[PDB]
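Colleague: Please find the sequence and an experimentally derived structure below.
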Amino acid sequence: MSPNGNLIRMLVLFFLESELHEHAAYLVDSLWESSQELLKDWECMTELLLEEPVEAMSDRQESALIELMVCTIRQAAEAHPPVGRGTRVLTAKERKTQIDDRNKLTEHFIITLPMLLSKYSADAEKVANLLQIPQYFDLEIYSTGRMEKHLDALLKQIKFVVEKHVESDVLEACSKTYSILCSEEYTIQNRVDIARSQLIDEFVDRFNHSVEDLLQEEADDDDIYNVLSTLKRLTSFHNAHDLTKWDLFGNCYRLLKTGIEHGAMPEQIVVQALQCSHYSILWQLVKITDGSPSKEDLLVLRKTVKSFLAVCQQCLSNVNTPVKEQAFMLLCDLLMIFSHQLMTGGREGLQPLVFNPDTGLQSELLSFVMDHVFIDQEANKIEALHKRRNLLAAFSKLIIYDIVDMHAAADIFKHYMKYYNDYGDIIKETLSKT
Ligand SMILES: Cc1occc1C(=O)Nc1ccncc1
């Protein structure tokens, strides 16, 4: 009870103080054969986190307990070592345990996860880590346990969280949590759908008034905060939720047009308005793949796509390189999606939606690569390199399927590989003689 609480308090200290385990997931996995009983005392944990002391817990150790708690909850639910330690056939008794564990952590965390979110509402890192939990719930128990009350509680708290936060980690964690609760059962489906589309509506109104405030305006620092703040939330959700019924593309399109014309739109507002527009378009495509869509259906989406390909192209010329990257990424996505590939799986109705990038665009997709993939000059650089890598791999796809001139490409890859082709073999010797 407090005998387990001491063992957990010390286990959190051995993790932080000793870089003998870097990764929580890996620590827990290693101790799992040997200390399963302790690592699934979930009441003991939620207690430590929620209770006031009689030695108090410091911000950093709390964070660590929460991260270890989630890792235990996974390993119990999945009943297999995490990604990186995997090698998968359970015995009668292993399976029987998995079922009993899942029941325990669900019954428990349904009750307690709302209270954890409550208490730690402003700690983005903590909230995002906590919201990884419902994915492991036996969601049917929101009916079985007559536990309707606690589902309202969770939803009340996910509201507070979205209303308080703008970090893309938190928001995404909030979007995924809805997707999980929202479609997993029918019993609960209806309830969640309502909470969601209320949450949305509130943020579309704010966004829309915020858009108007800004474009009508001299433009206040607040005018800029309000537009961005709301957009971010809607962009986050628009990935896994189909918000097409609210014409978001419309207002994003204006934001982007104003930033090109008068050239004075904040860089984060542009990037978000780009991403949000893209998500608008993919969900427009999905409805039009699955329906039996008419002529005008197609042609109205086409104009939307060309008017947007235009915006992304123009946005390559934005001063702020983050814009350029977003611009580029969406161009290299969209040009691939709205290729002739779109007439695979018998879907040759979609011919009018196909796009071939003109010369001027192809040349600017060659530009960016020389200017922003292949550049002259800690952990911010290994993360920066993997991105230019993705920007290039996304550009690679366009070259292979002849959507940009495959020879103009090759000549840039020639130019920058020059020293590998000129002096590489003489480097080869070196790393076999030293
Ligand atoms: C670091 C590196 O990256 C690519 C090539 C090399 C390289 O040549 N390293 C080296 C040269 C001479 N002695 C020892 C090592």
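Modeller: Looks like it arrived, so ask away. Numbering: from 1, shown residues only.
Colleague: C-alpha from now on. contacts and neighbour counts both.
Modeller: OK.
Colleague: Where does residue 83 sit: helix, strand or coil?
Modeller: The local conformation at residue 83, judged by DSSP: H, G, I helix; E, B strand; the rest coil, is coil.
Colleague: for it, phi and psi?
Modeller: phi -60, psi 130 (degrees, to the nearest 10).
Colleague: How many residues are close by it?
Modeller: Counted with other C-alpha atoms under 10 Å, the neighbours of residue 83 add up to 9.
Colleague: Over to the one 3 residues further on?
Modeller: Neighbours of residue 86 under the rule other C-alpha under 10 Å: 8.
Colleague: for residue 330, same thing?
Modeller: For residue 330, the neighbour count with other C-alpha under 10 Å is 20.
Colleague: Check which helices and strands the helix or strand hosting it sits against.
Modeller: Element membership of residue 330, judged by DSSP states H and E, is helix 321-337. Under the contact definition 3 or more C-alpha pairs under 8 Å, 6 or more residues apart in numbering; DSSP states H and E, helix 321-337 sits against helix 267-290, helix 295-315, helix 359-368, helix 379-400.
Colleague: buried set for that helix?
Modeller: Within helix 321-337, the residues that count as buried by 16 or more other C-alpha atoms under 10 Å are 323-332, 334-337.
Colleague: repeat for stretch 69-87
Modeller: Residues of stretch 69-87 classed as buried: 69-77, 79-82 (neighbour count, 16+ other C-alpha under 10 Å).
Colleague: Repeat that for stretch 5-14.
Modeller: 5, 8-9, 11-12.
Colleague: which residues are in contact with the helix or strand hosting residue 14?
Modeller: Secondary structure assignment for residue 14, by DSSP H and E: helix 3-17. Contacts to helix 3-17, defined as C-alpha atoms under 8 Å, 6 or more residues apart in numbering, come from residues 21-22, 24, 27, 38, 41, 44-45, 48, 61, 64-65, 68.
Colleague: just the buried members of the residues you listed?
Modeller: The neighbour count (16+ other C-alpha under 10 Å) marks 24, 27, 38, 41, 44-45, 48, 61, 64-65, 68 as buried among the contacts of helix 3-17.
Colleague: which of the contacts of helix 3-17 sit farthest apart?
Modeller: 22 and 44 (24.0 Å; C-alpha to C-alpha).
Colleague: quick one: the spatially most central residue of the chain and residue 231, what's the gap?
Modeller: Among the residues of the chain, the one closest to the centroid is residue 172, at 5.1 Å (C-alpha atoms, centre = their mean). Residue 172 sits 13 Å away from residue 231, going by C-alpha to C-alpha, to the nearest Å.
Colleague: Need the single longest helix in the protein, by residues.
Modeller: Looking across the chain with DSSP state H, the single longest helix is helix 186-216.
Colleague: any residues touching the helix or strand following that helix, and which ones?
Modeller: Past helix 186-216, further along toward the C-terminus, the next helix or strand under DSSP H and E is helix 221-238. Contact partners of helix 221-238, identified using C-alpha under 8 Å, 6+ apart, comprise 162, 166, 168, 171-172, 175, 200, 203-204, 206-207, 210-211, 213-214, 266, 268-269, 272-273, 275-276, 279-280.
Colleague: among these, which ones are buried?
Modeller: Buried by 16+ other C-alpha under 10 Å: 162, 166, 171-172, 175, 200, 203-204, 206-207, 210-211, 213-214, 269, 272-273, 275-276, 279-280, out of these.
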